[PDB]
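Colleague: Structure for the following, please:
(2 chains)
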Amino acid sequence: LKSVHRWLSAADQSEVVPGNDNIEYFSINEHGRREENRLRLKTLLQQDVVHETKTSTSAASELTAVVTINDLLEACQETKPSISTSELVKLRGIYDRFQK
Amino acid sequence: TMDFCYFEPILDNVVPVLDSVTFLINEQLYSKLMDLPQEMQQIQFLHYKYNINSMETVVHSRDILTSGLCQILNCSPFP
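Modeller: Numbers count the residues shown, from 1 in each chain, chains lettered A, B, ... in the order given. The coordinates are given below.
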């Protein structure tokens, strides 16, 4: 978990297809709709042939999320699961002798 | 060519006028277009070479203005 968190932080999952839309404004873009940016984006989407989206899924390279000893030490000496042997002494105390 | 075709006139001068039109232009021509100093000059440049006359030219969707260099992408609202 800590290693995948570190890998996510390092990758940062940012800077994807920046500045896709081109600058195409024109002077006569007035005397009508004031949402011309939305219409231009609509057309830029529409000029595409079809939603291919045949992208290579292996580009992520998720296998690189490897652990390190420093990451290993993120255990931070977690609390014990068993409170104390004192609570369990009798367990073997009765079985110092052979079992019944 | 055609042996025959269908034709029918538009009665009562009911000719629609488009509200918006989209154009696709190549790098050189588009740059030459926007380099003009004012809006009126750009409109005149559009008018001249394409022979498009306002309130008298009817244009359609996906019409190629010149072969492989520029095209009208679409029209709205009417085809």
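Colleague: Neighbours of residue 76, how many?
Modeller: As the question left the chain open, I've gone with chain A. By other Cβ atoms under 10 Å in any protein chain shown, 6 other residues sit near residue A:76. Backbone N, C-alpha and C define where each C-beta goes, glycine included.
Colleague: that's the other chain; I wanted chain B
Modeller: Neighbours of residue B:76 using other Cβ under 10 Å come to 14.
Colleague: Would you confirm that it contacts residue B:18?
Modeller: Yes - with contact defined as Cβ atoms under 8 Å, residue B:76 counts as touching residue B:18 (7.0 Å).
Colleague: Pull the contacting residues for the residue of chain B found nearest chain A.
Modeller: Using Cβ to the nearest Cβ, residue B:39 is the residue of chain B that sits closest to chain A, at 4.1 Å. By Cβ atoms under 8 Å, 6 or more residues apart in numbering or on different chains, residue B:39 lies in contact with A:27, A:28.
Colleague: Run through the residues of chain A sitting next to chain B.
Modeller: By Cβ under 8 Å from any Cβ of the partner chain, the residues of chain A that approach chain B are A:26, A:27, A:28, A:32, A:33, A:39, A:43, A:46, A:47.
Colleague: now do 10 Å
Modeller: Proximity of chain A to chain B (Cβ under 10 Å from any Cβ of the partner chain) is limited to residues A:24-30, A:32-33, A:36, A:39-40, A:42-44, A:46-47.
Colleague: Look up how far residue A:11 lies from the closest residue to chain B within chain A.
Modeller: Residue of chain A nearest chain B, by Cβ to the nearest Cβ: residue A:27 (4.1 Å). According to Cβ to Cβ, to the nearest Å, residue A:27 stands 43 Å off from residue A:11.
Colleague: For the most centrally placed residue in chain B, grab phi and psi.
Modeller: Centrality entry for chain B: nearest residue to the mean C-alpha point is residue B:59, 5.0 Å, by Cα atoms, centre = their mean. Main-chain torsions, residue B:59, degrees, to the nearest 10: phi -120, psi 160.
Colleague: residues contacting it?
Modeller: Residue B:59 sits next to B:18, B:21, B:50, B:52, B:65, B:72, B:75 when contact means Cβ atoms under 10 Å, 6 or more residues apart in numbering or on different chains.
Colleague: ok, now with 7 Å
Modeller: For residue B:59, the contacting residues are B:21, B:72, B:75, by Cβ atoms under 7 Å, 6 or more residues apart in numbering or on different chains.
Colleague: Just give the nearest non-adjacent residue to the second one, would you?
Modeller: If you skip the residues right next to it in sequence, residue B:72 has residue B:63 as its closest partner in space, 4.7 Å away by Cβ to Cβ, 6 or more residues apart in numbering or on different chains.
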